[PDB]
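Secondary and tertiary structure notes
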Amino acid sequence: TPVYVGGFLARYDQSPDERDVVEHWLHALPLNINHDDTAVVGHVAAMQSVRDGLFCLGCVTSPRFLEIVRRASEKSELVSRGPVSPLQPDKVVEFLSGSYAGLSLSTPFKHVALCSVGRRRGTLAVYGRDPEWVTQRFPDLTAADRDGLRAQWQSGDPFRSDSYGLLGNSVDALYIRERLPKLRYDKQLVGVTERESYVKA
Amino acid sequence: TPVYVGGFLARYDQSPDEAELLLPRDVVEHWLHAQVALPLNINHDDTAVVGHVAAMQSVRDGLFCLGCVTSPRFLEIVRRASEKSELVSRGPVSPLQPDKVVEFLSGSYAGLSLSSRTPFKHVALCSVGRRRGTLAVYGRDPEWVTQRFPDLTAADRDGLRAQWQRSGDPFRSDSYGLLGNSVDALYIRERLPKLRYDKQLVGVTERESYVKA
Ligand SMILES: Cc1ccc([C@@H](c2cn(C3CCCC3)nc2-c2ccccc2C)n2cccc(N3C[C@H](C(=O)N[C@]45CC[C@H](CC4)NC5=O)N(C)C3=O)c2=O)cc1
Ligand SMILES: Cc1ccc([C@@H](c2cn(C3CCCC3)nc2-c2ccccc2C)n2cccc(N3C[C@H](C(=O)N[C@]45CC[C@H](CC4)NC5=O)N(C)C3=O)c2=O)cc1
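Residues numbered from 1 in each chain as written, not as in the entry; some residues may be left out. Chains lettered and ligands numbered in written order. Heavy atoms only, no water. Residues with missing side-chain atoms left out of burial classes, pairs and counts.

What the entry reports as its method is X-ray crystallography, with 2.90 Å given for the resolution.

1. Some thoughts on the UniProt feature "active site" (unreviewed entry) in chain A
Residue and element names in this part refer to chain A. With numbering aligned to this structure, UniProt lists the feature "active site" (unreviewed entry) at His-35, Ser-104 and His-111. Non-local contacts of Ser-104, meaning those with residues more than four positions away in its chain, are made with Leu-9, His-35, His-111, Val-112, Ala-113, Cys-115, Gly-118, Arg-119 and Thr-123. Tracing the backbone through its elements, the reader meets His-111 in the loop between β5 (102-105) and β6 (112-115). Here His-111 is in contact with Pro-30, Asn-32, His-35, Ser-104, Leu-105 and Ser-106, once residues within four sequence places are set aside. There is a polar contact of 3.0 Å between the side chain of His-111 and the side chain of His-35. (UniProt positions renumbered as here; feature names shortened; annotations may be inferred. Contact = heavy atoms within 4.5 Å. Helix = DSSP H or I, 4+ residues; strand = E, 2+ residues; numbered from the N terminus. Polar contact = N/O pair within 3.5 Å; in protein donor to acceptor, adjacent residues only side chain to side chain.)

2. Some thoughts on the interface of chain A and chain B
Counting from both sides, the interface comprises 32 residues of chain A and, opposite them, 34 residues of chain B. Those elements giving two or more residues to the side of chain A that touches chain B turn out to be α2 (63-73), α3 (77-80), α4 (91-99), α7 (163-173) and α8 (179-190) of chain A. Here the side of chain A that touches chain B gets 11 residues from one element, more than from any other, and that element is α7(A). Residues of the side of chain A that touches chain B, tallied by class, amount to 15 nonpolar, 9 polar and 8 charged. (Nonpolar A, V, L, I, M, F, W, Y, C, P; charged D, E, K, R; others polar.)

3. A short note on the environment of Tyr185(A)
All names here are of chain A. Considering the arrangement of structural elements, one finds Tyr-185 in helix α8. Along the sequence, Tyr-185 and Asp-162 sit 23 residues apart, while their C-alpha atoms lie 31 Å from each other. Setting aside residues no more than four positions away along its own chain, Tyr-185 makes contact with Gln-14 and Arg-121.

4. Thoughts on the side chain of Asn41(B)
Residue and element names in this part refer to chain B. Within the secondary structure, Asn-41 is located in strand β2 (residues 39-42). A distance of 2.8 Å separates a polar side-chain atom of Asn-41 from the backbone nitrogen of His-44. When near neighbours in sequence (up to four residues on either side) are disregarded, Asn-41 contacts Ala-48, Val-49, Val-50, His-122, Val-123, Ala-124 and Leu-125.

5. Here we look at the sheet that holds strand β7 (residues 136-139) of chain B
All names here are of chain B. Read across the sheet, 7 strands follow the order β5-β6-β2-β3-β4-β1-β7 without closing on themselves; strand pairing throughout is mixed. Sheet topology places β5 (111-116) and β7 at the edges, where each strand pairs with a single neighbour. On average, each strand axis in the sheet is inclined to that of its neighbour by 30°, with strand direction left out of account. Here strand β1 (residues 3-11) pairs with β7 via 4 bridges, running antiparallel. When the sheet's bridge partners are listed, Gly-6 is paired in β7 with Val-137. (Pairing = 2+ DSSP bridges. Axes fitted to C-alpha atoms, helices over the stretch in contact; angles between N-to-C directions.)

6. Observations regarding the environment of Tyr176(B)
Its location among the elements puts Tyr176(B) in helix α7 (residues 175-185). As a C-alpha pair, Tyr176(B) and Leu192(B) span 16 residues in sequence and 24 Å in three-dimensional space. When residues no more than four places from it in sequence are discounted, the contact partners of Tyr176(B) are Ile68(A), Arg71(A), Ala72(A) and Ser163(A).

7. Observations concerning the side chain of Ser73(A)
Along the chain, the position of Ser73(A) falls in helix α2. Separated by 2.7 Å, the side chain of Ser73(A) and the backbone oxygen of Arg70(A) make a polar contact.

Here is the structure:
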């Protein structure tokens, strides 16, 4: 029972302190925790460029990883408080949404990384059990674009690390400066403020 | 080898944001005159006892306490995890020497929080205290850690030292517990800002200590 995650990898809307490049850059891409090849959880399942940025849709497949997340979610207050509105409890989808709230890329496309908060602004990670559902979270998207994505989505366990790794990668995150302000930005920007979701930001 | 941790539980010069966090000097000192040794845990969780409180003392600027982290099951978990933490790797500053375990405690559990009505229930290592000034300073030597705190005076340290001259591993949890509790901390708002306020308040300039704030 895998988990999809979707978001923008790069946001044309925003000027860095760091569209042609990407569409050209196109014609098994893996997905890991925080850019650490001993921590591959699953794969990208689609990329696509649109009116406002590069958008990505990846799948989270690893039995050992998901097991940590399940166990770890059982001992989290945030998770226990559940999600909102009419959304139904999903301990695993909520704990990811909290832990790895951000997305980042490195063909020219090396891999996609789930991280606590992303390098390039506007890169909020939306988790969920259904790919259509996660695309439907982002108002800027269109159904022609979802056609681009659904076209793509419609080994063994590659996970070297363990809880301890994750435990250590987690408290690095705690010291990234003004991360919660940055994360709420990608919210009021990519519109997952509007369509309700499992996002904890 | 255990790790001591020290800091303010409450600051008299500070007005709370919640009315329920009032502890002033007259109430603290009354309780100190009141009559096991108090346990130390992670986030007020009775399953996460990592050791004990070794001393408390009312002093000019507040209530201060020194605590000891003895648990081998806990410390082991921490040891394994600092092994995989970029912050730990970057390393401490100035002339300090690397202490992976000490550094990771300083990151994960930057704060102290008292549990109080035997009116002192316990003390809690936690990622940030709701009282301000509750920065938690870790180190291998009780003295050294109290020397990290400017507001303290020899008379105050003599009272402290006189309490640390006082085996049932009490920890009942695991990495999963701490994993889940960490991503809670991620969504405490104005956390890093608040820790930094704590730093400047109590003197701990961080160029003389393992604090990571
Ligand atoms: C506000 C903020 C957010 C994030 C971070 C920052 C960070 C803070 N700490 C530390 C802080 C203390 C302990 C942890 N570690 C990191 C960190 C950096 C690199 C890899 C892993 C981690 C965890 N951070 C976090 C996650 C992912 C990041 N990147 C950079 C990479 C990147 O620049 N890749 C390039 C882009 C263009 C070109 C040249 C480089 N090609 C590429 O592949 N990228 C796009 C990312 O995924 C990243 O920069 C910093 C601040
Ligand atoms: C800026 C900020 C800092 C901390 C928190 C806040 C928090 C945010 N989240 C959530 C947020 C998302 C998931 C976790 N959980 C917590 C939380 C609370 C209690 C225990 C564990 C956790 C993790 N938080 C965290 C740790 C310790 C706190 N306490 C409790 C204690 C306390 O109030 N003890 C009292 C005082 C008077 C009376 C009734 C209670 N008698 C007592 O003994 N104390 C002195 C504190 O500092 C605490 O208030 C909130 C904001």
